[PDB]
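Below, read A as the first sequence line, B as the second, and so on, with proteins coming before strands; counting in each chain starts at 1.
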Amino acid sequence: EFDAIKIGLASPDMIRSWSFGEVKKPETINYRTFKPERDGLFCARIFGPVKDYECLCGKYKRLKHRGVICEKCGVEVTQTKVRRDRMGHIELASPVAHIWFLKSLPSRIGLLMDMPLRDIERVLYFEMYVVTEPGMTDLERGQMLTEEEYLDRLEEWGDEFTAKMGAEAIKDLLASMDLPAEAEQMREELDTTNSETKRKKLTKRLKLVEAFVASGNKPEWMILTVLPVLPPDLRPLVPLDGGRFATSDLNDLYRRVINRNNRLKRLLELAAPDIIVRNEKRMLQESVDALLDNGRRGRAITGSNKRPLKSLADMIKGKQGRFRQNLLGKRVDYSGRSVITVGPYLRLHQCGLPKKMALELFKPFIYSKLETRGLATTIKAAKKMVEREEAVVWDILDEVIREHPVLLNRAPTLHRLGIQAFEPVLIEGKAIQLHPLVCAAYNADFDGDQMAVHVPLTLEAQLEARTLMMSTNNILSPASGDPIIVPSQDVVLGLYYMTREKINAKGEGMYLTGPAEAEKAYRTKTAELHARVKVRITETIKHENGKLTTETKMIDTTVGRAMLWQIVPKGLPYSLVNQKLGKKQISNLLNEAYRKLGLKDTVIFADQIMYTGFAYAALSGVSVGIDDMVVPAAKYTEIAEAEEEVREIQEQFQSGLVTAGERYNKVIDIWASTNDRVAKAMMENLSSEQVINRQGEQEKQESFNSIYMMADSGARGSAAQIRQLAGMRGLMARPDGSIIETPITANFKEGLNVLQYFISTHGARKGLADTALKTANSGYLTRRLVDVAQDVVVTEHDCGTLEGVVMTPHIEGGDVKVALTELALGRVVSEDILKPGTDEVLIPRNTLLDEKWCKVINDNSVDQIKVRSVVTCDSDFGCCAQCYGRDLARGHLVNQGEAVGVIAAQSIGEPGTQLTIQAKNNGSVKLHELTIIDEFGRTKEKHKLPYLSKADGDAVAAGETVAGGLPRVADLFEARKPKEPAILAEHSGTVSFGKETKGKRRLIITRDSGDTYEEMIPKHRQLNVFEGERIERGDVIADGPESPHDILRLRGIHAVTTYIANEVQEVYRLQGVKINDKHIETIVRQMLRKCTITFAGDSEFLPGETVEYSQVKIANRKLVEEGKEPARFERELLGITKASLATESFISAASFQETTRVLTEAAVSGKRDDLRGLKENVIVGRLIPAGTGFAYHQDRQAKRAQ
Amino acid sequence: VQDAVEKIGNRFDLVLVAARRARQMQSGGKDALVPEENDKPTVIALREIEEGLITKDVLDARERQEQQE
RNA sequence: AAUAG
DNA sequence: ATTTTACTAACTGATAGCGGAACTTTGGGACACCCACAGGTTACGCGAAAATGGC
DNA sequence: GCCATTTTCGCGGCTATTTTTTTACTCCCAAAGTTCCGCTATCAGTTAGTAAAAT
Ligand SMILES: [Mg+2]
Ligand SMILES: [Zn+2]
Ligand SMILES: [Zn+2]
């Protein structure tokens, strides 16, 4: 229907065209008949009838008279919904300045007229005159006159000049401006200017002036003469129960405006003294400002409730505004909510849904099937049958929900796995049954959690639920590619208990024909689960090439391991099961099943694993008791020794040998060492036991203690928590953060006393408060990321670019922090991977790196590769599939139409709650910094070289001595400048000292051309530069934190990308969060979207102008095709908030935040929104240009092309 | 639905093709090319796509044949 | 405001 | 010869119109002299950008 | 006329479920428009009766 949204100023004629009448009275409704009053705020003659196809007269009262205007009343015979669309207007007695174009800084009226805002308000507030037509006089336009001076010069000159005061004066000044003449004048003055401040001022004003010329807007439209009036049904006056009426504040504001306008007209008719008229004009301006934006001018007008009235700006803006409350999110039909319980019998694609809840949700479907099969004659009969709850209704409900998927949601929806589709199974009850294996995806536990349920209606929505959102499709984490349905808690415990090994168990040494006979022996009490036996195992191995090799052989194992092998799918080794299975081992089993067998086998295997784990956790009888907390006997001796040595240190303090700080430090170290020793003794005592073997000797066995089993299996519990249960609680911190000298020398088994419990509460409260506040901080960060990255969609397959990024193993010392395989898995090669010391092309260009090619890279000892990146993609809009690579949630190359920006933002934002020289290897030494290369050729030690045993190339043997989490991420993604940033070498050249000017110092550099560049340095700067040295560009002169903007300016796009990615990944890896770097690269790409033009060239770009990079690239391609001088630009790094606010579309920018500024700028500019991103199409109700809608939008782009 | 995405290649394209086929079996009078087995039109369309009977080109060809007739 | 996750 | 039906005339209710008096509603007036207002508020904090001030 | 310091401006997680608020105050009169009850009168619909027709 429509292809774009156009915004701009409104002329008086346009406002009159919108209007169906003029509001002349502040009347709303009669106080007896409750009918609209004529020419009032609710007039039926202006806005439409109050009843469908009726008039206030009651004369024309049917559809026979549609479109006929009653002569007695004037009310058109039509529908009542027209009162939601018909607008009105007020003819203002005096012009009024628009508050947005006056006080939304910077002021557009002031910028256009080149007069300060204070002067404009002085003219408006009737304090100072201003010259409109200077005439044949020394007076100039825009020069201010006081009343005294105005009277003086009125006597002096007379009618030669015109001087006015108020909004009429500003309108006359704006109407008399010659815009092309001003544009020429600013261009000429910019040609012959040197100061950068005046250059900025003239470039801003010139941009405004030429925007006004191009848009067709006239400046005097910024001063209102006709005021539009909203439809009444959008500001309703509706009756409540008991005769009370509820009204909108807009009615009060409009009534104030109308009353003051009528009083102004009456005063002008009475020829009142000028002071009264000036007062009335001030009040009219104040009333209109309050109606448009309350509180911007001054004291906000308040109603009888003593609270500020809500204006139109408040209608459209804010968290509670129309954009966010009603347009970006809505309340929906066919939805429900209930508490969630656990269904351990369900399959991964099934969810237990209550019968009554399904009956309410699927009601139209039940009506349709009752009508179809003849059980109900009409729809009212079907309604009666459903209300009476007949058995045939239940059969119809089963047939309806037979294969209809349903969507389950849990708030907060931190990532897309917070909504998944399931096949419903009708259950008796009122609680939703949720599959256990999906709980980790939902962050859902059964302690009172509630879930919402939605019914997809159309066939497309049903197929989207089945194909995309179904739980069996989403078993990999889109953030990292790791499985997300890994078993936890009881399952793991069961699999741990069944696969453990016991010495001299019943049935040891027995020979078993296979898993079935192991199960038979277990069920007959012949052998225990933990009996060491020999079992004939038939194992099938599916190789990389697809070879299926079957080998039968006798393996030493346990009964439980074979019984578990019974459910393992064919194609996997028995070594994955022939061990004790903790959480990590089961994770490995599922990962190998996915990597070597597929998706269906993995789903069946996961279901069987969870069934078996539950069953054998039940059969184990694992229980927690007070005797399971074994406190070591060494704890008391260690406490006594620590106390005695603390007394000795106190005695030394009283002798003056050591200071107070030393005493504090060594007491703390004493207690920390004591805690470590007690923990070690407790773990050693709890981890082992002594058993009698078959020969009768004593053997050491791993303990079957319940708490030890729970912790070791990874089901629940860790070393620190067992420490607290059976060892020492340890040193605790004060609310400010300092450590208390005496620790809690008691565990939870013994019980704390009052002081120890109070000290514990000190830290417990801090933890809870920190969680509560970081929730809001993380939410705001995630929203900002989603806004900045919402437009990134895979639009092509290959962009045909040769650029890429250099990838190397991450070395932060003597060990690898992360391997090259983990970084390269899923990325497309950009330059051929030649074998080291050889010219054979091991891996060609444009090949996805999967597990097989990762093993190939690892075997041949390759250090540095080059891969395609989203930051270096050349696509005009969005990115292409090759520059992105593998879709982590799907395992293959990313498909066209995938909204990867939203995925990146969710992947980064979801873990925000969790957020708070001697050689060690043998090889040679290479200098660049210090690098220690192994014999294979891989770089394994990267060390700094401050300004050495072995020189360059000299081999070194091992042992030779050659010689704040979430705020940090937010500051990195906002491109914040550090407080004391490092001073970097602006240009490459020879350093030279300079004249130490008072206050702060200066230095100079001589370039290769002999030109001298002067740098300004603060006094307190430990300069690392020496005269006569040719410092390269980007070299550090003064040490300090590095600004990302300086990195971009002096090193390039790759350097800033690496910096941001490394810092963010350092923060995330400190806490153990696995997030792929392509998400951070997508965000950084959205950060590098603007360029400032340095050379104007011949393209339609002004110097010093911040414009979109894609537009410049397209223009440069066109100009090169035309063989003309291209534009020269410097790319800019913006924060995610600033980048979001500086997008091309004003709908998205307004929907994000700062609605008034965005709308004011768009209105003065006359912007046009093409609806190219997701948010715009969400707001206007259209299909998003991603995924299933992608193709649709493409088709339209063809039809517009044709 | 791994077989269906293997036969089509793109999940979004598979959704669109299956939606067209399901609308043909539900709103239109077209009959299934596989045993229905008490299945909804969406599942029937997915099974037909998996069997290789229904593709985008096949649907376009049948639409062209209907237009010719 | 209070409460649940 | 009898029974069903079509035709017609009279009754009655709804309804548009009118009368007229009560009822609601609007505009004007009031002559000792009176002659400048509120009016609660705020223990935020942080970052940007925009407006002032310094020499 | 640029370098720093003070002043505004806008922002601060998502789903549920329990429940209204409260000061402040002339009177009278004449003139005008509107309403409410009662009556009239006309038209259309309904119903009862009787002749016309058919069995
Ligand atoms: Mg919970
Ligand atoms: Zn009317
Ligand atoms: Zn690309």
Side-chain angles (χ1 to χ4, degrees), chain A residues 30-33 35 57-59 61 103-107 110-111 116-118 193-201 204 240-246 293 295-296 298-300 302-307 313 317-321 324-325 328-332 335-340 408-415 418-419 439 442-454 771-787 909-910 912-913 966-967 970-971 974-977 979 997-1000 1016 1018 1134-1135 1137-1138 1140-1141 1152-1158:
Chain A
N30 201 20
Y31 84 112
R32 303 201 308 141
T33 53
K35 285 193 207 50
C57 294
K59 185 161 71 179
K61 174 149 31 40
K103 283 212 39 146
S104 179
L105 301 183
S107 180
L111 209 71
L117 181 56
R118 44 176 56 178
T193 194
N194 291 339
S195 165
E196 297 182 1
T197 62
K198 251 194 59 60
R199 178 158 300 179
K200 287 169 58 60
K201 294 177 48 59
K204 186 53 185 301
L240 285 192
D241 290 1
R244 271 291 208 142
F245 277 98
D293 207 328
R296 190 165 291 272
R299 210 150 102 85
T302 59
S304 86
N305 305 326
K306 305 223 307 176
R307 43 189 36 167
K317 99 198 172 192
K319 183 150 132 178
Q320 267 81 27
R324 300 179 56 179
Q325 217 51 1
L328 292 167
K330 296 165 175 200
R331 300 210 172 259
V332 290
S335 63
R337 154 174 301 259
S338 197
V339 195
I340 48 153
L408 285 188
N409 178 19
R410 190 196 158 264
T413 308
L414 299 182
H415 55 176
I419 314 186
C439 289
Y442 281 111
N443 197 14
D445 58 334
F446 310 104
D447 59 353
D449 283 13
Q450 288 172 236
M451 280 226 195
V453 57
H454 302 276
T771 306
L773 306 196
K774 74 173 72 174
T775 307
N777 264 110
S778 172
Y780 189 31
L781 172 75
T782 304
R783 172 156 202 277
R784 287 181 283 176
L785 286 168
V786 172
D787 207 39
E910 189 249 356
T913 309
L966 193 60
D971 283 0
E974 289 280 329
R976 215 92 74 189
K977 289 274 204 177
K979 308 290 310 313
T997 286
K998 301 308 167 60
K1000 289 178 177 180
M1016 155 45 210
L1134 291 183
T1137 302
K1138 274 166 73 23
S1140 315
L1141 284 173
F1152 178 46
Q1153 70 190 9
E1154 295 180 31
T1155 310
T1156 289
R1157 293 186 201 170
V1158 173

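Computed from coordinates, the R32(A) CZ to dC36(E) P distance equals 6 Å when rounded to whole Å. Rounded to whole Å, the distance from CG on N194(A) to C1' on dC2(E) is 14 Å. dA16(E) atom P lies 16 Å from atom CD1 of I340(A), rounded to whole Å.
For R410(A) (side chain) and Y442(A) (main-chain N/O), a donor-acceptor pair under 3.5 Å exists by modelled atom type.
In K201(A), the NZ atom is not crowded: 12 or fewer heavy atoms of neighbouring residues, nucleotides or ligands sit closer than 6.0 Å. For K977(A), the NZ atom sits in a packed shell: over 12 heavy atoms of surrounding residues, nucleotides or ligands are nearer than 6.0 Å.
Counting any heavy atom pair closer than 4.0 Å across all strands shown, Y442(A) reaches no nucleic acid atom. Within the 4.0 angstrom heavy-atom criterion, only backbone atoms of the sugar-phosphate kind lie near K1138(A); the bases stay farther away. Contacts of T775(A) with the nucleic acid, taken as non-hydrogen atoms under 4.0 Å apart, include base atoms. When heavy atoms are screened at a 4.0 angstrom cut-off, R118(A) is found touching the sugar-phosphate backbone but no base atom.
Atom-to-atom distance recorded for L328(A):CG and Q325(A):CD is 10.5 Å, nearest 0.5 angstrom. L1141(A) contributes atom CG, which lies 10.0 Å from atom CG of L1134(A) (distance to the nearest 0.5 angstrom). Between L105(A) atom CG and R1157(A) atom CZ the span is 8.0 Å, to the nearest 0.5 Å. The CG atom of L966(A) lies 13.0 Å from the OH atom of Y780(A); values are rounded to the nearest 0.5 Å.
Consecutive pairing runs in DNA chain E reach the stem threshold at C:1-5 with E:14-18, D:1-24 with E:32-55, D:27-30 with E:26-29, D:44-49 with E:7-12, D:52-55 with E:1-4, where a stem means at least three Watson-Crick or G-U wobble pairs with distances under 3.5 Å.
Rounded to whole Å, the separation between the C1' atoms of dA4(E) and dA48(D) comes to 16 Å. The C1' atoms of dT19(E) and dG40(D) are separated by 29 Å, rounded to the nearest whole Å.
Across all their heavy atoms, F1152(A) and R783(A) have their closest contact at O-NH1, 3.1 Å. The two atoms that bring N443(A) and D449(A) nearest to each other are O-OD2, 4.2 Å, heavy atoms only. Closest of all the heavy-atom pairs between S107(A) and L117(A) is OG-CD1, 3.9 Å. Across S1140(A) and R784(A), no two heavy atoms sit closer than the pair OG-O, 4.1 Å.
Comparing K306(A) and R976(A) against DNA chain D, the residue whose closest nucleotide sits nearer the 5' end is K306(A). In terms of position along DNA chain D, the nucleotide closest to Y31(A) lies nearer the 5' end than the nucleotide closest to the other residue of the pair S107(A) and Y31(A).
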So which protein N/O to nucleotides 10-12 of chain E N/O distances come out below 3.5 Å?
residue : atom : partner  : partner atom : Å
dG10(E) : OP1  : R296(A)  : NH2          : 3.4
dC11(E) : OP1  : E1154(A) : N            : 3.2
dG12(E) : OP1  : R324(A)  : NH1          : 3.4

Identify the pairs formed between an N or O of the protein and an N or O of nucleotides 1-5 of chain C at a distance under 3.5 Å, and give each distance.
residue : atom : partner : partner atom : Å
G5(C)   : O3'  : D447(A) : OD1          : 3.4
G5(C)   : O3'  : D449(A) : OD1          : 2.8
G5(C)   : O2'  : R410(A) : NH2          : 3.4
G5(C)   : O2'  : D449(A) : OD1          : 2.5
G5(C)   : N2   : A411(A) : O            : 3.2

Listed pairs, N/O of protein and of nucleotides 41-45 of chain E, under 3.5 Å:
none

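For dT25(D), the sugar pucker falls south, since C1'-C2'-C3'-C4' comes out negative. Nucleotide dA43(D) carries a north sugar; the sign of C1'-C2'-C3'-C4' is positive. Sugar pucker of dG13(E): north, as indicated by a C1'-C2'-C3'-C4' torsion of positive sign. Judged by the sign of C1'-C2'-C3'-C4', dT12(D) carries a south-puckered sugar.
Look at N305(A) and you'll find a side-chain N or O under 4.0 angstrom from OP1 or OP2 of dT22(E). Between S195(A) and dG1(E) there is no side-chain N or O to OP1 or OP2 distance below 4.0 Å. A sub-4.0 Å separation between OP1 or OP2 of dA16(E) and a side-chain N or O of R331(A) is present.
Base pairing analysis places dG40(D) opposite nothing; no Watson-Crick or G-U wobble pair with both distances below 3.5 Å involves it. Pairing partner, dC35(D): none, since no Watson-Crick or wobble contact has both distances short of 3.5 Å.
No side-chain heavy atom of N409(A) sits less than 4.5 Å from a side-chain heavy atom of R337(A). Side-chain contact between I419(A) and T413(A) is present, with at least one heavy-atom pair separated by less than 4.5 Å. Residues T1155(A) and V1158(A) form no side-chain contact, since every pair of their non-hydrogen atoms from C-beta on lies 4.5 Å or further apart.
Annotated as not stacked: the bases of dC25(E) and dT26(E), by the 5.5 Å centre and 30° plane rule. Adjacent nucleotides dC37(D) and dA38(D) have six-membered base rings whose centres lie under 5.5 Å apart with planes inclined under 30°, meeting the stacking criterion. Base stacking is present between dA22(D) and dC23(D); both the centre distance of their six-membered rings (under 5.5 Å) and the plane angle (under 30°) fall inside the limits.
Counting only N and O atoms by type, the side chains of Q450(A) and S338(A) include no donor and acceptor under 3.5 Å apart.
For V786(A), the side-chain contact (heavy atoms from CB on, under 4.5 Å) partners are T782(A), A905(A), not counting sequence neighbours.
Nucleotides of DNA chain D that come within less than 4.0 Å of any heavy atom of chain A span, from the 5' end to the 3' end, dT25(D) to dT52(D).
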